[PDB]
Amino acid sequence: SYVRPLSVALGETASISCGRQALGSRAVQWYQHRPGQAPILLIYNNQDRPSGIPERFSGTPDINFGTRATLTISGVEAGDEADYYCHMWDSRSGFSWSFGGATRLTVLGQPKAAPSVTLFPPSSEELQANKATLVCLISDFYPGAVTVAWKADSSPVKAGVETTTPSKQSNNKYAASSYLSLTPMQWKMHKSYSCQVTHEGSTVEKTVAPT
Amino acid sequence: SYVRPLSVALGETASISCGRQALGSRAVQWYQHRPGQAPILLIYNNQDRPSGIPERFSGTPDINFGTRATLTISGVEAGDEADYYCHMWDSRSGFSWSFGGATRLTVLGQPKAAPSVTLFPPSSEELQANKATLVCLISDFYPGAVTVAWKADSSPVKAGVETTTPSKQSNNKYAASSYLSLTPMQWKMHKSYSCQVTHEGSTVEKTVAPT
Amino acid sequence: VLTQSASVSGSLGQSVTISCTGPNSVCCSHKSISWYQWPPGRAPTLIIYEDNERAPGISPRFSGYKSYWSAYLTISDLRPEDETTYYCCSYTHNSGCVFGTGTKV
Amino acid sequence: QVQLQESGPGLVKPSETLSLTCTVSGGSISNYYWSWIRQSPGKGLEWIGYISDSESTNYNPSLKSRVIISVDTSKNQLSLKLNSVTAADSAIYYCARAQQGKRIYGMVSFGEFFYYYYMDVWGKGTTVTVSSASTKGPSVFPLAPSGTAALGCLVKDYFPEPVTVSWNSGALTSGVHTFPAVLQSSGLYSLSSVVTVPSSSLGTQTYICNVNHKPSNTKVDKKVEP
């Protein structure tokens, strides 16, 4: 289903209104889902929250009809970046099969982090297999948006490169990989190979050569 | 005529005192001029301002003699960077022919912006004309102070390069160009050509090769 | 149509700067410029051709320079025999020599 | 309601009568005051002169000896003539409507007042260069491109400033970026214009670069394609 974004500054309080409004008495569930991971039920009744969930996550009860279901995250941190779902039940409508839309909370104001580039030459066992691959490992950067560039000696190289889109690490930073593939003769017939990693306005370089 | 500078932090109120003080009852005009553009009359009487000018631009009236003419810009923004002139008239002195000196307001505290380098190889039609020119286009950076560097493959190149001093874009950022000129044989006889653009403490590189 | 300087002079040791220009008909970025030393009613002499290449034997003080709109001929370190009338010319490889007006020095 | 537009030669030889005109659109001409203002590089603004609604003139003593200001009420055109021009005369000449204000401090009967003039609506400026050099049209070469990409238009070797650049005869306006010129040692400016367009638009939204250089009446065009 579709996704609607939301940007909350770091430390602020987040107001995530529900996708569909209730026609009668309601019972709404709030799940926190970061893709590739198990969802986390934040609030199950209209305001009841399970154990292992901080008090900063709060929901609006159903006192008088008319009040909209809004999940409220006070004191937003970088870990709060996830998809939030509004499982809406009411007396009027039918069975709530669809989980609804998705709010993609992206917390602004996080500190700028520089990469930690690490380049590996082709292994001896790989060269023995008549295949040669360079890997360029990038980690611990923010915001998750980088650019890789491979250079045979000085001239650029673009045929045979593969790059991962950034992925969030456990410490709320990002990481990605860059694989250059070449024949073992191209590894020997050139002087050096470089991996230039440009993040934000700066570019870092790490190089390697067959020695 | 001479120019006297003034630095006001972003968001503050600016106090621009007039160049020449009035010997009698005065009638002062305030113009905003950014070079290469039409001046903008901010205040025509001692305090009367025309339409299309915000209330944050204010001038001191002539109530009692002794008060100095000071243009006051409250809530300074990046767009307020310009030359401000004090067209001074009074009962004592003669006809105000000279517009006076110039106050160069430079608003501090603006966000740091990274370049958007874009390099173009020589066109086919240019190479057909036995002339070959590389252009390196830099845009959307702040502060307006960059450094270009051209490298034939790895070695540097300095003979035949021309660079523009930064110029303010409409979005309050800067932009400049760098033209490397070479014979079409020098374009073919080398492997690659690079344009390294160093802004603030970081350097970005964009390269191109005849393929 | 190729106008030279009206006239000029200098002194022994100094230099001269003759000029030569015209419209897009005979000048200049797509033409070559030649400079002839020409005493009135006598055997002329080729000084400079191809907008700065001296003839075999011309003194290294004679020099040529061509802008995108006008051609020049400098005559450094003057000497007595420099009192002649000079003429420029604009030509291509397969055409004629359209001469210049004249310059008494 | 009232706008002004300048128009000039762009290049005038040394020691020659420079001539400019300025058109008023919206209001009349013989009912207001008008001012000529030029701005040289480095030097600040300079008040040249002004003309009344009754077509009376008054020149700055700076250039009083050689400036003549005129007006044609048939339409809304007023001209300016400056002879014996030198290199220091090249500038952007502006055109604005002067408003007469009467500052009264004492008694009007004793003449204890004075008149001040202020420009409330200006033109845009006409670039004027004084140089012995001859004009030359540019040479426009395409710059082919390769989330999005960008293509260009290399306008090289012209004289003098300026050169207007539009894309698709004025249609393409978003993402356009025209860059200031470069005075090569040869004495000619070189410009470059670039637009950022979506990648998929390459096939085949025609991108026509338009270039005009009035000092040589040499308008040109060129397309760009990989």
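Each value in this text was obtained by applying a stated rule to the coordinates, not by laboratory testing. Positions of Cβ are generated from backbone atoms using ideal geometry, with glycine treated the same way; all protein chains shown enter the neighbour counts.
Have a look at the DSSP beta bridges in chain B and tell me what percent are antiparallel, nearest 5.
Around 90 percent antiparallel, to the nearest 5.
Could you list B:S123, A:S74 so that the one with the fewest beta carbons within 10 Å of its beta carbon is first and the one with the most is last?
Exposure proxy ranking, most exposed first: A:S74, B:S123.
Run the helix sum for the protein assembly as shown: -39,500 (n - 2.57) per DSSP H stretch of 4+ residues, divided by residue count, reported at 222 nm to the nearest 500 deg cm²/dmol.
-500 deg cm²/dmol
Just to confirm my numbers, what's the Cα centroid distance between region D:65-118 and region B:13-51 in Å?
One Cα centre to the other: 18 Å.
Taking only the C-alpha atoms, wrap a convex hull around region B:101-167 and report its volume per residue in Å³ as a whole number.
Roughly 157 Å³ of hull volume per residue.
Suppose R0 equals 25 Å. What FRET efficiency, 1/(1 + (r/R0)^6) with r the Cβ-Cβ distance, do D:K64 and D:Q5 give to the nearest 0.05?
For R0 = 25 Å, the calculated efficiency reads 0.40.
How many angstrom separate the Cα center of region C:16-41 from the Cα center of region C:42-105?
Taking the Cα centre of region C:42-105 as reference, the centre of region C:16-41 is 7 Å away.
Enter the Cα centre distance for the pair region A:138-211 and region B:52-73, rounded to the nearest angstrom.
Between the Cα centres of region A:138-211 and region B:52-73 lies a distance of 58 Å.
Go from 0 up to the bin containing the longest alpha carbon distance in region D:1-132, width 5 Å each, and give me the % of pairs per bin.
2, 10, 19, 22, 18, 12, 8, 4, 2, 1, 0, 0
Quick one: of D:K81/D:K156; B:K158/D:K13; D:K64/D:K136; B:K158/B:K188; B:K168/D:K64; D:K43/D:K219, which pairs are farther than 28 Å apart, Cα to Cα?
Long pairs (Cα-Cα over 28 Å): D:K81/D:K156; B:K158/D:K13; D:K64/D:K136; B:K168/D:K64; D:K43/D:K219.
Convex hull volume of the Cα atoms in region B:1-109, per residue, in Å³?
With only Cα atoms used, region B:1-109 gives 104 Å³ per residue.
Determine the shielding of peptide B:95-102 by partner chains: average, over its residues, the number of Cβ atoms on other chains within 10 angstrom of each Cβ.
Mean partner shielding for this stretch: 5.
Over region A:1-109, what is the mean sequence separation of C-alpha contacts under 8 Å (at least six apart), divided by residue count, expressed as relative contact order in percent?
Computed value for region A:1-109: 41 percent relative contact order.
Given springs between every Cα pair under 10 Å in a Gaussian network model of chain A, which of A:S58, A:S139, A:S93 has the largest fluctuation?
A:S93
Which shape class applies to region A:53-105: rounded if a/c is under 1.5, otherwise prolate when a/b exceeds b/c and oblate if not, where a ≥ b ≥ c are the square roots of the Cα gyration tensor eigenvalues?
Here region A:53-105 falls in the oblate category.
At a 10 Å Cβ-Cβ cut-off, how would you order C:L78, A:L6, fewest neighbours first?
So the residues, fewest neighbours to most, are A:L6, C:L78.
If the convex hull of the alpha-carbon atoms of region D:133-226 is projected onto planes in all directions, what is the mean projected area in square nanometres?
In nm², the orientation-averaged hull projection of region D:133-226 is 6.1.
Under a point spin-label approximation (7 Å from Cα along Cα-to-Cβ), what is the B:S167-B:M185 distance to one decimal in nm?
Here the answer is 3.5 nm between the modelled labels.
In straight Cα distance, which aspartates and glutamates are under 14 Å from B:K131, not counting same-chain residues fewer than 8 positions off?
Here the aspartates and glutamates satisfying the reach criterion relative to B:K131 are D:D157.
Give the order of D:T73, A:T203 when sorted by the count of other beta carbons within 10 angstrom, beginning with the fewest.
Ascending number of Cβ neighbours within 10 Å: D:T73, A:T203.
Give me the orientation-averaged projected area of the Cα convex hull of region A:110-211, in nm², one decimal.
Result: a mean projected hull area of 6.8 nm².
Which three semi-axes in whole Å describe the equivalent ellipsoid of the protein assembly as shown, each the square root of 5 times a Cα gyration tensor eigenvalue, listed largest first?
Semi-axes from the Cα gyration tensor: 59, 46, 22 Å.
Separation between the A:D153 and B:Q37 pseudo-spin-labels, each 7 Å from Cα along Cα→Cβ, expressed in nm?
Inter-label distance under the simple model: 4.9 nm.
Any chance you could tell me what percent of the C-alpha pair distances in chain D go past 31 Å?
That tail contains 39 percent of the Cα-Cα pairs.
For chain C, just the Cα atoms, rotate onto the principal axes and tell me the three extents in Å, largest first.
The Cα atoms of chain C stretch 37, 26, 26 Å along their principal axes.
Given a cut-off of under 8 Å on Cα pairs at least six residues apart, what relative contact order in percent is computed for region B:110-211?
Here the relative contact order equals 32 percent.
Taking one equal scatterer on every alpha-carbon of chain A, how large is log10 of I(q)/I(0) by Debye at q = 0.13, 0.16, 0.17 1/Å?
-0.79, -0.98, -1.06
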